[PDB]
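Undergrad: turn this into a model:
(10 chains, ligands or ions: 3)
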Amino acid sequence: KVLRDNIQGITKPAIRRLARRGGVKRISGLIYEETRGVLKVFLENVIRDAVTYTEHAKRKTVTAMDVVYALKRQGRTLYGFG
Amino acid sequence: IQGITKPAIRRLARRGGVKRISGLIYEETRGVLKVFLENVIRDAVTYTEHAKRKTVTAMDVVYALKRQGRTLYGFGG
Amino acid sequence: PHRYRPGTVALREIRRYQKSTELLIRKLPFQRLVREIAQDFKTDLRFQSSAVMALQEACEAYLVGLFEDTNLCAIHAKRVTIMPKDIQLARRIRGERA
Amino acid sequence: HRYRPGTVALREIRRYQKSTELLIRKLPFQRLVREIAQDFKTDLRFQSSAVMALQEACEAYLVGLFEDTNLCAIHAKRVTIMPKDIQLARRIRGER
Amino acid sequence: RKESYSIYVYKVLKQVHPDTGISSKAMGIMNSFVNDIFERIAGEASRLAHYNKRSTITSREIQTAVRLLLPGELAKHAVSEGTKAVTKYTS
Amino acid sequence: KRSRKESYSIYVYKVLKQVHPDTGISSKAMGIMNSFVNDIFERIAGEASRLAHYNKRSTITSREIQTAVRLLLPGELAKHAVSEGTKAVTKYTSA
Amino acid sequence: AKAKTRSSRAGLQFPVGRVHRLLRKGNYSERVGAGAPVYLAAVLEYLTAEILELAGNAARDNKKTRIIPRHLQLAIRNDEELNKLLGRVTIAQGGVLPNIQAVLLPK
Amino acid sequence: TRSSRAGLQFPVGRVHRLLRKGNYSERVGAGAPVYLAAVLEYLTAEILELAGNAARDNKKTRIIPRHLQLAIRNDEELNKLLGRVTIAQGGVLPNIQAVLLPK
DNA sequence: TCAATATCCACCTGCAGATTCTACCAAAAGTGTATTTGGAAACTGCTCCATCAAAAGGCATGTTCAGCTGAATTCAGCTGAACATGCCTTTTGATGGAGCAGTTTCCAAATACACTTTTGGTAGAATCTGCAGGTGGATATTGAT
DNA sequence: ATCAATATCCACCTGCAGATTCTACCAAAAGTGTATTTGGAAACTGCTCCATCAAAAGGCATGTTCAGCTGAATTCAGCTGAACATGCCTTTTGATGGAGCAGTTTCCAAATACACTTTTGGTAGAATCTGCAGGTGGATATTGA
Ligand SMILES: [Cl-]
Ligand SMILES: [Mn+2]
Ligand SMILES: [Mn+2]
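TA: Residues are numbered from 1 along each chain as shown, chains lettered A, B, ... in the order given. Ligands and ions are numbered 1, 2, ... in the order given. For reference, the structure is listed below:
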């Protein structure tokens, strides 16, 4: 089935929850749409590179290292997947 | 570090496009600049020493700036 | 009925979610979004159970971290409520997009 | 005739942004450079150019830090950069 | 002895702006630039190869690395001009 | 037909027992620890690689490693770091 | 006579040979001294020993005998030096140090 | 010369030796050096072209660092690419926040 | 505006510090040949990943209400800018001496190879066991009177 | 100054999904016997890098005046937090089909390795030149009346 507008899937209660762990006590109402905008940019950039690595390896499957190497590029070095 | 006169700092804050400057800034800015230099130089030297030299060439600085993610153009690559 | 004053449960939650480590976004919606974004780059891609988990670990991490800097930016403006400009300042200083 | 407060500043800003010369005094800096160095290793010698690097790097950084500083002051409605601003910027950049 | 991309930058300078010349320092900035990118590009290419248990850096590594290293249109164009040069050199 | 993969798992566990005999570590945590050692490994060696190069050297000595460590590690972590290394290399050559 | 693992030779838990082999196949250099693998295995051993120690303590504080990430996070984020060493790194499942801005607390 | 063979100014020889003596990989393919060289050339082209303009705009016939910075920072893409680099003697793009202006 | 500062700002112009152009001498870069290999192409065993189906309760949504935060004003204390001064620490400019990056030129020690054994580790199975997930009073912590 | 009203702790329970161990093969360190180098070590340049030494001249430090920016204190419109009811969709669990990773073979097509010949690119003279740096003369941008 056709995937569309799934950025909306990142609900407001969730974003709050992520804001709570961040240490925010009060959240403006405009924040929710702004956060999505940023998350979708972060993701794009990280997935874009990931896939570039999947392509150079000539695979159809994005593997966890692909992501990790990708995160490493953007200096968002992840520990725990390889 | 006191040699870094207040009127020069103001100039720096001016290039930075600052219109008005609190009076404490100056001692503060002097602090930060001191840390910058200390960090950049310690690495430069380490590099100088590894080369068994008594002179910190322009390349050592260059290399240490790279390491601090402050890459510099104009003295080497 | 008994009622908690505004902000009191906000503080309650902060302690709660900071003490825990589970992921705060629902898994399926995130997996969906990941495939949508990835699909618009290369068609017929497949993902390792873990590859998606990775992405979600990074994402949540990134965002939680942004919200902290975000919140220090609201506090600096004498405010207590984070706003977009609070989020943007943080990203300008960080250098994500000056 | 007296120029109202702050008018000059804008003229100082327009001016200094327009140029590219260093703005810290050569000798005092070099003196600063050697000093710090000597606390790390002694009887060191600097290439003329090495000190230019160090000064170029320091100034550039400092000017940049002020742009972020200013933005932090404006954000608080103030128009005068203060130490909290400089600290906020550094704290966000990840320097401390 | 010692070497620099001064000669080549200057040649390139001429094609695009025959009338303009370039100072010493500016020349120096250009050298720094070439080297850097060179390193970034070569470094990543090294990395690709390695992830792929490869012992040889093909021009394919270079290209892919350039996709990862360069932004938007800079990237598109860079692949073209480089692929073009290989098509040509090879034949 | 098997595909053998390696990690510092076994080694981490040996060190885990020395510091805390009664403590144990989970898979995930063993994973974290595995990433850690590699990260560091690549950081140290990569810096080593640079040093040798900036110095027209074709061989990475234990000397380069050490300067690398000085440049990469902060404060006492580095002080103590170097102590273990040196000790380790001195003891190695002698026996 | 019987063989001495080079690691035992230096009195190290980490694998000095494995390290040497990774230094060569790594392409970091054309050649590798015999002391480098040793020296490095040692630095990695001690750093591993360092975070393991603080982690265990944190597992202890929480009445658990098995170290999990959270503990590693807690370890890494509280020590000033490890926290700087792993500043741009994120531990999957590690959470964040509990910290509430003073202004946000009740009157 | 290999470089004319690829119709490039940049030394394809020099780069090949740089890649061989670089520690990047066990072995370097023939197309590599060419490919990269051309990319180093193109990027060079691109920055000089803009500098030229800048220099031209300033009324000079000689490209200097300031011209390079103006060139670099004004274009978004090159700015992304040299985002963590500082041109010595470059200066900064003139920019004064609105609020600081006279009302 | 009308005026009276002080400011920029093009227009013009004249040489010395750089530039760019020459003129030659080594170090690479290119050839020619002969080899070593890396890894693409051809199966094919088989994990792992894409998909669906069900039952179920965890939670996202949307609505009321109203507490209290953000924002708009207003005010005046005094901090930081504009200045005109007085004075000295930076400029810079040779001038010289000498510590010292840099080059050689052997060579003894440390490495790289190329094989041949000899263990140490990894990938399954066999055994354990923290601890997740529930339960329940004790203990505050809150918010209304 | 009290007290319900609630949420948060902390300890005891107990099977089970996640370690801990237990065992067998084997890919890889270890052990030797050569075949190169690698990069110190004396010797010595030619540098650049310190050091005085010596004047002038911006450029810094100061002490005045005050203009207007920061700071604090109210007020109130209304935004966003807390709550309840609703009912949708994410979770959990397992079942299957099979696309496409990976592990082996096989071997040309391609990269590596010398040994040599040619040409190019880096240096240090020789030969132009662009801006630097002042110097007028004239709208500009400010500020007061
Ligand atoms: Cl302050
Ligand atoms: Mn789509
Ligand atoms: Mn001029």
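
Undergrad: can you give the contact residues for stretch G:57-75?
TA: Residues from elsewhere that reach stretch G:57-75, judged by C-beta atoms under 8 Å, 6 or more residues apart in numbering or on different chains: A:80, C:21, F:16, F:22-26, F:28-29, F:32-33, G:51-52, G:54-56, G:82, G:91-97. (Each C-beta comes from the backbone N, C-alpha and C, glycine too.)

Undergrad: buried subset of these, written for PyMOL?
TA: Burial among the contacts of stretch G:57-75 is assessed by 16 or more other C-beta atoms under 10 Å in any protein chain shown; the matching PyMOL selection reads:
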select buried, (chain A and resi 80) or (chain C and resi 21) or (chain F and resi 16+23+24+25+28+29+32+33) or (chain G and resi 51+52+54+55+56+82+91+92+93+94+95+96)
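
Undergrad: the contacts of stretch G:57-75 in strands, which ones?
TA: Assignment to strands by DSSP state E places the following of the contacts of stretch G:57-75 there: F:24, F:25, G:91.

Undergrad: how close does the last one get to residue C:63?
TA: Okay, so that is residue G:91. 16 Å (C-beta to C-beta, to the nearest Å).

Undergrad: residue A:57: what's it in contact with?
TA: Counting by C-beta under 8 Å, 6+ apart, residue A:57 has contacts A:66, E:51, E:52.

Undergrad: wait, the last one sits on residue A:56?
TA: Yes: with contact defined as C-beta atoms under 8 Å, residue E:52 counts as touching residue A:56 (7.2 Å).

Undergrad: checking the residue most central in space within chain A next. Helix, strand or coil?
TA: Nearest to the mean C-alpha position of chain A, by C-alpha atoms, centre = their mean, lies residue A:43 at 3.5 Å. Judged by DSSP: H, G, I helix; E, B strand; the rest coil, the three-state class of residue A:43 is helix.

Undergrad: again, but for residue C:24
TA: coil.

Undergrad: neighbours around the closest residue to it other than its chain neighbours, how many?
TA: Distance criterion C-beta to C-beta, 6 or more residues apart in numbering or on different chains; nearest residue to residue C:24, sequence neighbours excluded, is residue A:17 at 4.2 Å. Using other C-beta atoms under 10 Å in any protein chain shown, residue A:17 has 19 other residues around it.

Undergrad: figure out the length between the terminal residues of stretch E:43-62.
TA: Start and end residues of stretch E:43-62 are separated by 10 Å (C-alpha to C-alpha, to the nearest Å).

Undergrad: one more: stretch G:15-32?
TA: Start-to-end, stretch G:15-32 (C-alpha to C-alpha) is 16 Å.

Undergrad: quick one: is it near chain B?
TA: No: between stretch G:15-32 and chain B, judged by C-beta under 8 Å from any C-beta of the partner chain, nothing touches; the nearest distance is 14.7 Å.

Undergrad: now residue E:11: closest residue in space that isn't a chain neighbour?
TA: Of all residues not flanking residue E:11 in the chain, residue H:9 sits nearest, at 4.3 Å (C-beta to C-beta, 6+ apart).

Undergrad: could you pull up phi and psi at that neighbour?
TA: With angles defined as degrees, to the nearest 10, residue H:9 sits at phi -90, psi -50.

Undergrad: over to residue A:76?
TA: phi -130, psi 40.

Undergrad: next up, the contacts around the nearest residue to it once chain neighbours are set aside.
TA: Leaving out its chain neighbours, the residue that sits closest to residue A:76 by C-beta to C-beta, 6+ apart is residue C:58, at 5.7 Å. Applying C-beta under 8 Å, 6+ apart, we find residue C:58 in contact with A:46, A:67, A:71, A:76, A:78, G:90.

Undergrad: and the closest residue to chain H within chain G, how many neighbours does it have?
TA: Closest approach of chain G to chain H (C-beta to the nearest C-beta) occurs at residue G:27, with a separation of 5.6 Å. The burial count assigned to residue G:27 is 18, neighbours taken as other C-beta under 10 Å.

Undergrad: residue E:47 is in contact with that one, correct?
TA: No: judged on C-beta under 8 Å, residue G:27 makes no contact with residue E:47 at a distance of 10.1 Å.

Undergrad: got any residues that touch both of those two?
TA: In contact with both residue G:27 and residue E:47: no residue, using C-beta under 8 Å, 6+ apart.

Undergrad: residue contacts, residue 43?
TA: Going with chain A. Residue A:43 touches C:33, C:34, C:37, C:55, C:59, counting by C-beta under 8 Å, 6+ apart.

Undergrad: could you do chain G instead?
TA: Counting by C-beta under 8 Å, 6+ apart, residue G:43 has contacts F:40, F:44, F:65, F:69, F:81, F:82, F:84, F:85.

Undergrad: tell me the one of the residues you listed nearest residue C:97?
TA: Nearest to residue C:97 among those, counting by C-beta to C-beta, is residue F:40 at 31.4 Å.

Undergrad: helices of the chain, start to end?
TA: With no chain named, the answer covers chain A. A:12-22, A:31-56, A:64-73 (DSSP state H).

Undergrad: right idea, wrong chain: chain C
TA: Ranges of helices in chain C, per DSSP H, are C:8-19, C:27-39, C:49-76, C:84-94.

Undergrad: make TSV out of those and add distance to residue C:2.
TA: Below are these laid out as TSV (distance: least, C-beta to C-beta, whole Å):
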stretch	distance to residue C:2
helix C:8-19	12
helix C:27-39	34
helix C:49-76	29
helix C:84-94	33
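
Undergrad: just name the most buried of the ones you listed.
TA: Of the helices of chain C, the one with the most neighbours on average (mean count of other C-beta atoms under 10 Å in any protein chain shown) is helix C:49-76, at a mean of 22.

Undergrad: is DNA strand I contacted by that one?
TA: Yes: applying C-beta under 7 Å from any atom of the strand, one finds helix C:49-76 touching DNA strand I at C:49, C:50, C:74.
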